[PDB]
Amino acid sequence: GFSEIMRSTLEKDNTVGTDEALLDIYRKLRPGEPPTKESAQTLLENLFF
Amino acid sequence: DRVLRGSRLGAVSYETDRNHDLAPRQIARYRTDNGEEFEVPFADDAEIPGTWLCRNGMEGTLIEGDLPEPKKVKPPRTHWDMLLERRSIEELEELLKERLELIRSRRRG
Amino acid sequence: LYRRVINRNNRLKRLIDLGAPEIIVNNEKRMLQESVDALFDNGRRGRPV
Amino acid sequence: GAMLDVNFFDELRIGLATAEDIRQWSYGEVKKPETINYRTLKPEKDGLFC
Amino acid sequence: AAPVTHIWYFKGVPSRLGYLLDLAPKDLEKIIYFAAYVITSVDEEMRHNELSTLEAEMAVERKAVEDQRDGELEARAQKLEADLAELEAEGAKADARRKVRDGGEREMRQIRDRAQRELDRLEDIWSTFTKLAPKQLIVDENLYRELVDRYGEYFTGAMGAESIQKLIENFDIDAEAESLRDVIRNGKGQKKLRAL
Amino acid sequence: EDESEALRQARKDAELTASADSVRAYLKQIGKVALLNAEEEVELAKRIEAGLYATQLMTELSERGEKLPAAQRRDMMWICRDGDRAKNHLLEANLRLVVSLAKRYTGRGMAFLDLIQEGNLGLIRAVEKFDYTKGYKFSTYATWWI
Numbered sequence: 345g346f347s348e349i350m351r352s353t354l355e356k357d358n359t360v361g362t363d364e365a366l367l368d369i370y371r372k373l374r375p376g377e378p379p380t381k382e383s384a385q386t387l388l389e390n391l392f393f
Numbered sequence: 059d060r061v062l063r064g065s066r067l068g069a070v071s072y073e074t075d076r077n078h079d080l081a082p083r084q085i086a087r088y089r090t091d092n093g094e095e096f097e098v099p100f101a102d103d104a105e106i107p108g109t110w111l112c113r114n115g116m117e118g119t120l121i122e123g124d125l126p127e128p129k130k131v132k133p134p135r136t137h138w139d140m141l142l143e144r145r146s147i148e149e150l151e152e153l154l155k156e157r158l159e160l161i162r163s164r165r166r167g
Numbered sequence: 162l163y164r165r166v167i168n169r170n171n172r173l174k175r176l177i178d179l180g181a182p183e184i185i186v187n188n189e190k191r192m193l194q195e196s197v198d199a200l201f202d203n204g205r206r207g208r209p210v
Numbered sequence: 031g032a033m034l035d036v037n038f039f040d041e042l043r044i045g046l047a048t049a050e051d052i053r054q055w056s057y058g059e060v061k062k063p064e065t066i067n068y069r070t071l072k073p074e075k076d077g078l079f080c
Numbered sequence: 002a003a004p005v006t007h008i009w010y011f012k013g014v015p016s017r018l019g020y021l022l023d024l025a026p027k028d029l030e031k032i033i034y035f036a037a038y039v040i041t042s043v044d045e046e047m048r049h050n051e052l053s054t055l056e057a058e059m060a061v062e063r064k065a066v067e068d069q070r071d072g073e074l075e076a077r078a079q080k081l082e083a084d085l086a087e088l089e090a091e092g093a094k095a096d097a098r099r100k101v102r103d104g105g106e107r108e109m110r111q112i113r114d115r116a117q118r119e120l121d122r123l124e125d126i127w128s129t130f131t132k133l134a135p136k137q138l139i140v141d142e143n144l145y146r147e148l149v150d151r152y153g154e155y156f157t158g159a160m161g162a163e164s165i166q167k168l169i170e171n172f173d174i175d176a177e178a179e180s181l182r183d184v185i186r187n188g189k190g191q192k193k194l195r196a197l
Numbered sequence: 795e796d797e798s799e800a801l802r803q804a805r806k807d808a809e810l811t812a813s814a815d816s817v818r819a820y821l822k823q824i825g826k827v828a829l830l831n832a833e834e835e836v837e838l839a840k841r842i843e844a845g846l847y848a849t850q851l852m853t854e855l856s857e858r859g860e861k862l863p864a865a866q867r868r869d870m871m872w873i874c875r876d877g878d879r880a881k882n883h884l885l886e887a888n889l890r891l892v893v894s895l896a897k898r899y900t901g902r903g904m905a906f907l908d909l910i911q912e913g914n915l916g917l918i919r920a921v922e923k924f925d926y927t928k929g930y931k932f933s934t935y936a937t938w939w940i
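Protein chains in written order, with the numbering used here: chain A, 345 to 393; chain B, 59 to 167; chain C, 162 to 210; chain D, 31 to 80; chain E, 2 to 197; chain F, 795 to 940.
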C-alpha cells in the first residue's frame, strides 16, 4: 500500500485472472508448447519449488 | 608417458625423379553415361577393363564398342517380394476382390 | 564432420531410392543441411556439434 | 594458372566457386564413411582416405 | 543427393542471400531448414481465368456451407422444441426449465462458431490464393496442404535449399539492379538505406 | 477454460515458433498425426497388400496384356494409390514409437537425430515385412526391426 512503484505496476499489469497470467508466463518462457493450463500451473511450482 | 612420435601409414623411398625413359603406356578413353569422357593412362601389357570408376563417380564404359555384357545381378528384394514370400495367389486375389467390392460400395454404394 | 555428412547424404539417397513419406525425407534433408553447416562453421547456427 | 606454384605470381583472384568448378577440381567422388581398415591399417576403397 | 545452402552466405550479418532475394533472415532460416514453404513461382493467366471461375466455385462452396450451418440451426431449433416439450409441458423447475434452453443456445453458438471458423479459414485461403505471389512464405502446414490440393496449378511451391536454388534461378540481377538504382535515385529515408 | 479464445490463440501463436532446436522441430512435426489401434492397422495392412497386388497385376497387364477398361483401370489405380497413402499413414503414425526406442540408445557415439532416422528406416523395413494375419499388434513386430 505504501509502495508507489508497485502500485503503478499494479494498475499497469494489463492482465487479470491468475491462469490468464500463468499462460502469459508459460508463453514467454516456453514458446512452442500449448497452454494446457495445468501444465502451466505445475511448471511455476516445478521451476522454483 | 611416450615421446609423441607420430608417423602416418606411408612409406618414403627417395629415388631420383628420372624422366628420360619410363614404362610405355597406352591411354583408355572411358565414357560415362552422361556424355562425359575421361582418360586413364594404362600400360601396354595391361588388360584394359570395359568399365571404370572415373572422377565423375559414375561407371564410365570404354568408348570403343566392345560391350562385354556383364549381365548384372538381380534386383535385391522388393516389397512385392516381401508380400509374396508370405502370402498366396488366391489370397491376394481375394483381397483384391474384397477391396474392389469396397470401391463398389464406396463409389456406387 | 566429413563422416557425418557422408552418412547423412548416403542415408538420404537411400531414402529417396526407397520411397519415403515427406516427414522422414524432410527431416533427413534438414539433418544434411545442418551437417554441412557444422562442417563449414561449427557453432555458428545454434548448438555447436 | 599454377598447379605446383613456381614463384612467379601477380594476383590471387578469389572467387565464389560453382558446382561445376568443384566437380572439376576433384579427383573422385568419395562415397563411403570408412576411414581406415580396422585390421590392416590401410586406406579403404572409396573411403575418406582412398 | 539434394542441394544445400552455404552457411556463410546465409548466417553472417548482413545475410547476403537475404539481401539478394530481399528476404528477412527469419524467413530465410524458416525456409532453409524446412520449417516453412515458399511460393517459388506463380501463374497469371490461369490465375485470373480460374480466379473468376473459382470465385464462383468458392461462392458455391460457401453457399453449401451455409446450407449446412442453417441445417444445424434447424436441428438445434428442433432440439430446442424438444427442450420446450420437456421443460414447459411437465412439472419442471423455474430456472432448470430455462437452463436447458440456455444450454441449447450455447450449443448453437459454438456450432455456428465452428462453422464460422471454417468459413473464415476458407475465406483466408481464398484471400491467400488471390494474393499469391513469388517469394512469399507460407507457414501453417495445413493451410499449405489445402492450398496445394485445391489449386495445385497456377503456382509452384517448394521448401528448403532446392527452392532457394529455384529462386536464384528465376531472378534477374539486372531487373533488381535497375529497380534499386531507381529507388536510390528517387527514394529516401529507410527505404534508401535498405535499398543501398 | 477450453473454449477461451486467448488460450487457443496462444496455442496458434505457439505453433508459429522458430524452434532452432531441430530435434524439437522434428518432434513438433511428428506430434501432429494421432495414433492408431488394431482395427486401423488391420485395415491399413489390407490396403497396403491390396494396392501392392493391384500395382503388380497392373504391371503384369502393362506388358502385352488386356486393354483395360477406363473404369476398371481407374478403380484399380485408385486402389494402388490408396495403398501407398495408407502406407505413408502407417509410417507417420508409428514414428513416435521409433522415437521412444531411440531415446534410450543415445549418448554413445551417434547423435540423437541420426538414431531417430535410422530407426525410421528400420520402421520402413518392418512395415514392409509385417503380416497382419498373425493377429498381433504391429508394435510387437516392429520393435525387433527398429
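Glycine included, C-beta positions come from ideal geometry on N, C-alpha and C.
Q: Give the residues from the region 373–390 of chain A that approach chain F closer than 8 Å (Cβ to any Cβ), ordered along the chain.
A: Taking 8 Å as the Cβ-Cβ cut-off against chain F, the residues of the region 373–390 of chain A that qualify are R374, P375, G376, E377, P378, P379 and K381.
Q: Run the CB neighbour count on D869 (chain F), radius 10 Å, all protein chains shown included, and call it buried at 16 or more, exposed below.
A: Flag for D869 (chain F) reads buried.
Q) Three-state secondary structure (DSSP) at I85 (chain B)? A) Looking at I85 (chain B) - three-state DSSP - the assignment turns out to be coil, as it is neither helix nor strand.
Q: With a 10 Å radius around its C-beta and 16 neighbouring C-beta atoms as the bar for buried, classify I32 (chain E) as buried or exposed.
A: In the assembly as shown, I32 (chain E) is a buried residue. Its beta-carbon has 16 or more other beta-carbons within 10 Å.
Q. From which residue to which residue does the alpha helix (DSSP H) around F932 (chain F) run?
A. Here the alpha helix (DSSP H) through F932 (chain F) covers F932 to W939.
**Q.** Cβ neighbour criterion (16 or more within 10 Å) applied to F393 (chain A)
**A.** Counting the other Cβ atoms within 10 Å of the Cβ of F393 (chain A) gives fewer than 16, which makes it exposed.
Q: Closer than 8 Å by C-beta to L855 (chain F): which residues in its own chain qualify, once you throw out the five before and the five after it? Chain order, please.
A: Around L855 (chain F), the same chain offers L862 as residues with beta carbons nearer than 8 Å, after the five sequence neighbours per side are excluded.
Q.
Can you look up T927 (chain F) in the DSSP assignment and give me helix, strand or coil?
A. Residue state for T927 (chain F) is assigned as coil, using DSSP reduced to three classes.
Q: Could you pull out every residue in the same chain whose Cβ sits closer than 6 Å to the Cβ of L71 (chain D), ignoring the five residues on either side in sequence?
A: Sequence-distant Cβ neighbours of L71 (chain D) in its own chain, meaning closer than 6 Å and more than five residues away, do not exist here.
Q: Taking a Cβ distance cut-off of 9 Å, strictly less, list which residues of the region 887–899 of chain F are near chain C, in chain order.
A: Of all residues in the region 887–899 of chain F, the ones placed with a Cβ closer than 9 Å to any Cβ belonging to chain C are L889, in chain order.
Q. Bridge partners of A101 (chain B), per DSSP?
A. DSSP output for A101 (chain B) lists B:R83 as bridge partner(s).
Q | Rounded straight-line distance, which links the Cα of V66 (chain E) to that of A116 (chain E) | A | A straight-line Cα-Cα distance of about 8 Å links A116 (chain E) and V66 (chain E).
Q) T934 (chain F) and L895 (chain F): beta carbons closer than 8 Å? A) For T934 (chain F) and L895 (chain F), no; Cβs fall outside 8 Å.
Q: Inspect the beta-carbon positions of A159 (chain E) and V39 (chain E) and report whether they are closer than 8 Å.
A: Result yes, Cβ atoms of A159 (chain E) and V39 (chain E) sit closer than 8 Å.
Q.
Going by DSSP in three states, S65 (chain B) sits in which element: helix, strand or coil?
A. Reduced to three states, the DSSP call for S65 (chain B) is coil.
(Q) Classify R172 (chain C): buried if its beta carbon has 16 or more other beta carbons within 10 angstroms, exposed otherwise. (A) Buried, by the Cβ-count rule.
Q. Smallest Cα separation from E94 (chain B): which of B:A101, B:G115, B:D124 and B:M140?
A. Nearest C-alpha to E94 (chain B): B:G115.
Q. In its own chain, which residues sit with a C-beta less than 8 Å from the C-beta of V166 (chain C), not counting the 5 before and 5 after it?
A. Once the five neighbours on either side are set aside, the close Cβ partners of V166 (chain C) are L193, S196, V197 and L200.
Q) Can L801 (chain F) and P375 (chain A) be called in contact, C-beta distance under 8 Å? A) It is not a contact, given that the beta carbons lie outside the stated cut-off.
Q | Nearest neighbour of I147 (chain B), chosen from F:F906, F:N882, F:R875 and F:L846 [CA to CA] | A | When each option's Cα is compared against that of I147 (chain B), the closest is F:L846.
**Q.** Against chain B: residues of the region 817–848 of chain F by CB proximity under 9 Å
**A.** So the close ones are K840, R841, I842, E843, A844, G845, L846, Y847 and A848.
Q: Tell me whether the beta-carbon of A57 (chain E) lies closer than 8 Å to the beta-carbon of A819 (chain F).
A: Going by C-beta atoms, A57 (chain E) is not nearer than 8 Å to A819 (chain F).
Q: Measure the C-alpha to C-alpha separation of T41 (chain E) and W9 (chain E) and round it to an integer number of angstroms.
A: Taken atom to atom, the span from the alpha-carbon of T41 (chain E) to that of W9 (chain E) is near 23 Å.
Q.
List, in chain order, every chain C residue whose beta-carbon is nearer than 9 Å to that of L78 (chain D).
A. Within 9 Å Cβ-Cβ: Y163, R164 and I167.
Q) Are the Cβ atoms of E73 (chain E) and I112 (chain E) separated by less than 8 Å? A) Yes. Within cutoff.
Q) Nearest-angstrom Cα distance between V893 (chain F) and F924 (chain F)? A) Each residue's Cα considered, the two are about 19 Å apart.
(Q) Among F:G901, F:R858, F:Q866 and F:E843, whose alpha-carbon lies nearest the alpha-carbon of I161 (chain B)? (A) Closest option to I161 (chain B), judged by alpha-carbon separation, among F:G901, F:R858, F:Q866 and F:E843: F:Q866.
Q. Is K64 (chain E) near the ligand SAM, in the sense that its beta carbon is under 7 Å from a heavy atom of that ligand?
A. Among the ligands in the structure shown, none appear at all, so the ligand SAM cannot be discussed.
Q: State the DSSP-derived secondary structure class of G118 (chain B), mapped to helix, strand or coil.
A: DSSP places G118 (chain B) in strand when its eight states are reduced to three.
Q: Show which residues of chain E have a CB atom less than 7 Å away from the CB atom of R205 (chain C).
A: Under the 7 Å cutoff, chain E gives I8 and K12.
Q: Evaluate contact between the region 820–839 of chain F and the region 172–190 of chain C, counting only Cβ atoms and requiring at least three cross-stretch pairs below 8 Å.
A: In short, these stretches touch, since the Cβ pair count reaches three.
Q: Output the distance between the C-alpha atoms of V184 (chain E) and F172 (chain E), rounded to the nearest integer angstrom.
A: Those two C-alpha atoms are separated by around 18 Å.
Q. On the three-state DSSP scale, how would you describe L46 (chain D)?
A. Correct three-state label for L46 (chain D): coil.
Q: Below 8 Å on the Cβ atoms is my guess for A880 (chain F) versus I842 (chain F); work out the distance and round it to an integer in Å.
A: About 6 Å separates the two Cβ atoms, so the contact holds.
(Q) When you compare the CB of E797 (chain F) with every CB in chain E, is at least one pair closer than 8 Å? (A) Closer than 8 Å: yes.
Q. Comparing the C-beta of residue 742 (chain F) with each C-beta of chain C, is any distance below 8 Å?
A. It is not possible to answer for residue 742 (chain F), since the shown part of chain F is limited to 795 through 940.
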